[PDB]
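File shown: query_4.cif. Contents: mmCIF, C-alpha atoms.
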data_work
loop_
_atom_site.label_atom_id
_atom_site.label_comp_id
_atom_site.auth_asym_id
_atom_site.auth_seq_id
_atom_site.Cartn_x
_atom_site.Cartn_y
_atom_site.Cartn_z
CA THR A 1 0.00 0.00 0.00
CA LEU A 2 1.93 3.00 -1.45
CA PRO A 3 2.13 6.57 -0.16
CA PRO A 4 1.11 9.44 -2.47
CA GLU A 5 3.73 11.35 -4.51
CA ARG A 6 5.16 14.23 -2.56
CA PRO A 7 7.44 16.28 -4.88
CA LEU A 8 10.76 17.21 -3.27
CA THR A 9 10.24 20.65 -4.76
CA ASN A 10 13.62 22.20 -3.71
CA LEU A 11 15.73 19.26 -4.83
CA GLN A 12 13.65 19.15 -8.04
CA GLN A 13 14.56 22.83 -8.61
CA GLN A 14 18.27 22.13 -7.96
CA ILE A 15 18.21 19.19 -10.41
CA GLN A 16 16.30 21.27 -12.97
CA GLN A 17 18.94 23.99 -12.60
CA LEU A 18 21.77 21.53 -12.97
CA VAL A 19 20.43 19.71 -16.07
CA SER A 20 19.66 22.91 -17.95
CA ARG A 21 22.98 24.76 -17.48
CA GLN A 22 24.92 22.41 -19.76
CA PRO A 23 24.62 23.12 -23.46
CA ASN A 24 23.26 20.53 -25.89
CA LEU A 25 22.17 18.06 -23.17
CA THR A 26 18.44 17.37 -22.75
CA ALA A 27 17.58 15.29 -19.66
CA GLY A 28 14.48 13.67 -18.31
CA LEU A 29 14.25 11.88 -15.00
CA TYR A 30 11.71 10.42 -12.61
CA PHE A 31 12.47 9.19 -9.05
CA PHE A 32 10.01 7.89 -6.44
CA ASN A 33 10.69 6.81 -2.88
CA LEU A 34 8.30 3.96 -1.93
CA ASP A 35 8.44 4.81 1.77
CA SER A 36 8.15 8.56 1.99
CA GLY A 37 6.37 9.04 -1.35
CA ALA A 38 9.05 11.67 -2.03
CA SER A 39 9.28 12.29 -5.76
CA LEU A 40 11.38 14.05 -8.39
CA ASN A 41 10.16 14.63 -11.91
CA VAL A 42 12.36 16.78 -14.19
CA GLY A 43 11.25 16.09 -17.77
CA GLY A 44 10.28 12.57 -16.69
CA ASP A 45 7.22 12.47 -18.91
CA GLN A 46 9.07 13.42 -22.05
CA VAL A 47 9.59 10.80 -24.79
CA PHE A 48 13.17 9.69 -25.54
CA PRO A 49 14.90 7.19 -27.76
CA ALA A 50 14.83 4.12 -25.52
CA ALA A 51 18.19 2.65 -26.53
CA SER A 52 18.67 -0.61 -24.64
CA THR A 53 16.45 0.50 -21.76
CA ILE A 54 13.68 -1.00 -23.87
CA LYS A 55 15.07 -4.46 -23.06
CA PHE A 56 13.65 -4.11 -19.51
CA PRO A 57 9.95 -3.95 -20.67
CA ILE A 58 10.75 -6.81 -23.10
CA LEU A 59 12.05 -8.91 -20.20
CA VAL A 60 8.84 -8.30 -18.25
CA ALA A 61 6.92 -9.45 -21.34
CA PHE A 62 9.13 -12.56 -21.58
CA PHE A 63 8.30 -13.62 -17.99
CA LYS A 64 4.61 -12.86 -18.47
CA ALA A 65 4.59 -15.37 -21.34
CA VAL A 66 6.43 -17.84 -19.10
CA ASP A 67 3.82 -17.25 -16.32
CA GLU A 68 1.05 -17.81 -18.88
CA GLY A 69 2.60 -21.02 -20.20
CA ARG A 70 3.04 -19.52 -23.71
CA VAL A 71 6.85 -19.87 -23.43
CA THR A 72 9.07 -22.11 -21.24
CA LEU A 73 12.46 -21.37 -19.72
CA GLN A 74 14.16 -24.37 -21.38
CA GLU A 75 12.62 -24.36 -24.82
CA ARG A 76 15.10 -23.83 -27.64
CA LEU A 77 15.18 -20.58 -29.55
CA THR A 78 16.97 -20.43 -32.89
CA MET A 79 19.37 -17.65 -33.79
CA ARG A 80 17.99 -17.21 -37.30
CA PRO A 81 20.07 -15.11 -39.73
CA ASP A 82 17.35 -12.44 -39.79
CA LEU A 83 17.57 -11.96 -36.01
CA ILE A 84 21.39 -11.62 -35.80
CA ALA A 85 22.47 -8.05 -34.98
CA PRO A 86 25.76 -6.22 -34.33
CA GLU A 87 26.85 -4.07 -31.36
CA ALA A 88 26.53 -5.57 -27.85
CA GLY A 89 26.18 -9.32 -27.42
CA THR A 90 27.92 -12.69 -27.66
CA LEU A 91 25.33 -14.70 -29.60
CA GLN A 92 26.32 -12.94 -32.89
CA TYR A 93 29.68 -14.78 -32.84
CA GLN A 94 27.98 -18.20 -32.87
CA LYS A 95 26.91 -20.20 -35.93
CA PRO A 96 23.64 -18.99 -37.44
CA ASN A 97 20.68 -21.23 -36.68
CA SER A 98 22.32 -22.56 -33.52
CA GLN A 99 19.93 -22.78 -30.61
CA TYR A 100 19.75 -21.55 -27.04
CA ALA A 101 17.49 -22.03 -24.05
CA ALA A 102 14.88 -19.23 -23.89
CA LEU A 103 16.05 -18.21 -20.40
CA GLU A 104 19.67 -17.93 -21.45
CA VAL A 105 18.62 -15.69 -24.35
CA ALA A 106 16.37 -13.48 -22.10
CA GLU A 107 19.29 -13.25 -19.59
CA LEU A 108 21.82 -12.15 -22.21
CA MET A 109 19.41 -9.53 -23.53
CA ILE A 110 19.67 -7.76 -20.12
CA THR A 111 22.98 -8.67 -18.54
CA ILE A 112 25.13 -7.84 -21.56
CA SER A 113 22.46 -6.01 -23.63
CA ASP A 114 22.67 -8.69 -26.35
CA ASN A 115 20.98 -7.34 -29.45
CA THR A 116 20.65 -10.66 -31.26
CA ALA A 117 19.17 -12.07 -28.02
CA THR A 118 16.72 -9.18 -27.89
CA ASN A 119 15.50 -9.70 -31.45
CA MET A 120 15.07 -13.41 -30.71
CA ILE A 121 12.92 -12.62 -27.68
CA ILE A 122 10.83 -9.98 -29.54
CA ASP A 123 10.26 -12.47 -32.35
CA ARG A 124 9.39 -15.30 -29.94
CA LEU A 125 6.89 -13.09 -28.13
CA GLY A 126 4.99 -12.21 -31.32
CA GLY A 127 6.85 -9.14 -32.64
CA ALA A 128 6.97 -5.43 -31.89
CA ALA A 129 3.25 -4.73 -32.38
CA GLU A 130 2.25 -7.51 -29.95
CA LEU A 131 4.69 -6.22 -27.34
CA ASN A 132 3.62 -2.58 -28.00
CA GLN A 133 0.10 -3.68 -27.11
CA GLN A 134 1.33 -5.15 -23.81
CA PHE A 135 3.28 -2.01 -22.98
CA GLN A 136 0.08 0.02 -23.48
CA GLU A 137 -1.82 -2.44 -21.24
CA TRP A 138 0.72 -1.82 -18.44
CA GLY A 139 0.14 1.94 -18.77
CA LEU A 140 3.42 2.61 -20.64
CA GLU A 141 2.12 5.46 -22.77
CA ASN A 142 5.37 6.27 -24.65
CA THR A 143 7.12 2.87 -24.73
CA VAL A 144 7.20 1.66 -28.35
CA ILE A 145 9.32 -0.80 -30.41
CA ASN A 146 9.51 0.60 -33.90
CA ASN A 147 12.55 -1.29 -35.18
CA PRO A 148 14.84 -4.24 -34.38
CA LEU A 149 17.83 -3.77 -32.13
CA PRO A 150 20.39 -2.33 -31.89
CA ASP A 151 18.23 0.48 -33.34
CA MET A 152 21.20 2.94 -33.26
CA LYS A 153 19.05 5.44 -35.12
CA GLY A 154 16.98 5.62 -31.92
CA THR A 155 13.49 4.88 -33.34
CA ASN A 156 12.37 2.85 -30.29
CA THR A 157 10.99 5.14 -27.55
CA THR A 158 10.20 5.23 -23.86
CA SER A 159 10.00 7.86 -21.09
CA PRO A 160 11.68 8.01 -17.71
CA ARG A 161 8.27 7.83 -16.07
CA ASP A 162 7.34 4.71 -18.12
CA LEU A 163 10.48 2.89 -17.11
CA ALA A 164 10.32 3.85 -13.41
CA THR A 165 6.62 3.11 -13.15
CA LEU A 166 7.12 -0.35 -14.69
CA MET A 167 9.83 -1.03 -12.13
CA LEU A 168 7.54 0.28 -9.39
CA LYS A 169 4.81 -2.19 -10.41
CA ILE A 170 7.34 -5.04 -10.57
CA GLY A 171 8.85 -4.02 -7.19
CA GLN A 172 5.33 -4.05 -5.71
CA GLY A 173 4.64 -7.59 -6.92
CA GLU A 174 2.42 -6.69 -9.89
CA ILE A 175 2.32 -8.17 -13.40
CA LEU A 176 4.67 -11.12 -12.73
CA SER A 177 4.35 -14.19 -10.48
CA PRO A 178 6.66 -14.24 -7.42
CA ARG A 179 9.04 -16.63 -9.23
CA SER A 180 9.20 -14.61 -12.40
CA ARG A 181 9.57 -11.30 -10.50
CA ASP A 182 12.47 -12.61 -8.40
CA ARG A 183 14.29 -14.04 -11.43
CA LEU A 184 13.87 -10.79 -13.33
CA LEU A 185 15.33 -8.83 -10.40
CA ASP A 186 18.24 -11.30 -10.05
CA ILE A 187 19.05 -10.87 -13.77
CA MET A 188 18.75 -7.04 -13.51
CA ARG A 189 21.31 -7.09 -10.63
CA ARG A 190 23.83 -9.01 -12.81
CA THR A 191 24.28 -6.45 -15.65
CA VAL A 192 27.76 -5.52 -16.76
CA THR A 193 27.17 -1.76 -17.21
CA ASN A 194 27.07 -0.02 -13.84
CA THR A 195 28.67 3.32 -14.69
CA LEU A 196 25.42 5.36 -14.52
CA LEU A 197 22.80 5.10 -11.75
CA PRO A 198 24.84 2.70 -9.52
CA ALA A 199 27.86 5.01 -9.58
CA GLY A 200 25.93 7.58 -7.53
CA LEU A 201 24.87 5.16 -4.80
CA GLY A 202 26.38 4.77 -1.36
CA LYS A 203 28.11 1.70 0.06
CA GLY A 204 25.72 -1.18 0.74
CA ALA A 205 23.00 -0.06 -1.70
CA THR A 206 21.81 -2.57 -4.32
CA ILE A 207 20.21 -1.84 -7.65
CA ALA A 208 18.34 -3.82 -10.26
CA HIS A 209 18.56 -1.78 -13.46
CA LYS A 210 19.07 -1.63 -17.21
CA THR A 211 21.19 0.88 -19.06
CA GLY A 212 20.79 2.09 -22.62
CA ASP A 213 23.39 3.95 -24.73
CA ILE A 214 23.26 4.68 -28.47
CA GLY A 215 25.62 7.67 -28.62
CA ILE A 216 22.92 10.26 -29.14
CA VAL A 217 21.17 9.11 -25.96
CA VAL A 218 22.29 7.59 -22.66
CA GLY A 219 20.11 6.44 -19.76
CA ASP A 220 19.41 3.97 -17.01
CA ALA A 221 16.40 2.89 -14.93
CA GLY A 222 15.90 0.61 -11.98
CA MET A 223 15.12 0.08 -8.37
CA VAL A 224 17.48 0.84 -5.52
CA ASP A 225 17.47 -0.58 -2.01
CA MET A 226 19.37 1.58 0.46
CA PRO A 227 21.05 0.10 3.53
CA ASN A 228 18.76 2.29 5.74
CA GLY A 229 15.77 0.17 4.61
CA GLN A 230 14.34 2.59 2.04
CA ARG A 231 13.55 1.72 -1.55
CA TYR A 232 13.15 3.91 -4.59
CA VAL A 233 12.66 3.74 -8.36
CA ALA A 234 14.84 5.78 -10.70
CA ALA A 235 14.96 6.51 -14.41
CA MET A 236 16.98 9.09 -16.30
CA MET A 237 17.66 9.62 -19.97
CA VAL A 238 19.98 12.24 -21.52
CA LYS A 239 19.98 13.31 -25.15
CA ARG A 240 23.51 14.40 -26.03
CA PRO A 241 25.98 15.03 -28.79
CA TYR A 242 27.16 11.63 -30.00
CA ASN A 243 29.04 9.84 -27.15
CA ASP A 244 29.49 13.01 -25.03
CA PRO A 245 30.79 11.95 -21.58
CA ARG A 246 28.94 14.91 -20.02
CA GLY A 247 25.67 12.95 -20.46
CA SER A 248 26.87 9.91 -18.51
CA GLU A 249 28.41 12.14 -15.81
CA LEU A 250 25.14 14.04 -15.41
CA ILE A 251 23.34 10.78 -14.60
CA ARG A 252 25.95 9.88 -11.94
CA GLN A 253 25.58 13.34 -10.43
CA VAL A 254 21.75 13.32 -10.32
CA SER A 255 21.88 9.73 -8.93
CA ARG A 256 24.21 10.91 -6.15
CA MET A 257 22.09 13.92 -5.31
CA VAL A 258 18.98 11.83 -5.00
CA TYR A 259 20.66 9.04 -2.98
CA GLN A 260 22.19 11.56 -0.54
CA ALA A 261 18.85 13.40 -0.22
CA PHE A 262 17.09 10.14 0.71
CA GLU A 263 19.83 9.46 3.28
CA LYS A 264 19.36 12.86 4.94
CA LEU A 265 15.62 12.25 5.27
#
Could you spell out this file's structure in structure tokens?
Amino acid sequence: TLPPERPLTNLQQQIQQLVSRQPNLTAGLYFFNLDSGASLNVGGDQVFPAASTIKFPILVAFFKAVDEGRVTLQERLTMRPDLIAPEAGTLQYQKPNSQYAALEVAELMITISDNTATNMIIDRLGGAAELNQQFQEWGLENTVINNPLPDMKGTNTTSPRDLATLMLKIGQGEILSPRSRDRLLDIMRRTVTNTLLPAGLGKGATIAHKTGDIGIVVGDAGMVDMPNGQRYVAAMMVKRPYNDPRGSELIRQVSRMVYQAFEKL
């Protein structure tokens, strides 16, 4: 039973000030503390290229199909030539039409952001339109798969609010069965890219999250448990000049600010 949003208006103003004084960076972020209801929303509703953050909603859809018996964890998925994609991933180095357990593929999609793995999962789950439908059903108003991954062009979209709100639902025990939820969270704690939201967290904090980076956009979203007992959801996306390190640094800084604010309180 959740508390109502209570905007941390002063910290929101500080974050707003910070994200707008750097040229050619456009940020959006949404944070929500499950205990205090304290919230931060600075451009959180705005639509952004999803980059690999989209793989999080896809993972939820994978486990839903598993819950519903439509997919099993050990069934074999084929890496068809049409699904193979460059950029992040290890499956692309394997022989085309080799096969992998559905769970292994869903895992790789998140842990290492495997693009071939992602396209395999999207295909197995009925394609982009089918998944877009599901995203709408979960209330994800701006989360849309328009093209296969890696989608470097950035045609796939989401919003910080969409991502955080999905994680909030999952954190609360909605959508997925207990078994599927816990496995999803396990997988989202074993990702290899922890240079954004986690880099602003204090010692002892844990985070289930998924990053996305396509050069023109960088972002991350997840759920943090703090050693003081508190829990919050977090999502931030930054449009930037191609590969600008300022964008990644700005996420670390906002992450830090928020974490330290929740510690004070």
> Smallest atom-to-atom distance to residue 80 of chain A: which of A:52, A:158, A:13, A:92, using all atoms listed in the file?
Replying inline: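 Looking at the shortest contact to residue 80 of chain A, the residue is A:92.
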> So which residues are close to (-2.3, -2.7, -22.8), meaning at most 12 Å away in the file's coordinates with all atoms listed in the file counted, and can you show them as a VMD selection string?
Replying inline: chain A and resid 61 129 to 144 175
> What residues come out when you apply the PyMOL selection byres ((chain A and resi 184) around 10) to this file, written as a ChimeraX atom specification?
Replying inline: /A:56,59-60,62-63,106-107,110,170,176,178-183,185-189,208
>> To test your reading of the syntax: which residues would the PyMOL selection byres ((chain A and resi 121) around 8) return for the file shown? Reply as a PyMOL selection string.
In response: chain A and resi 58+62+102+105-106+117-120+122-125
> Could you work out how far atom CA of residue 230 of chain A lies from atom CA of residue 32 of chain A, giving the answer in Å with one decimal?
Replying inline: 10.9 Å
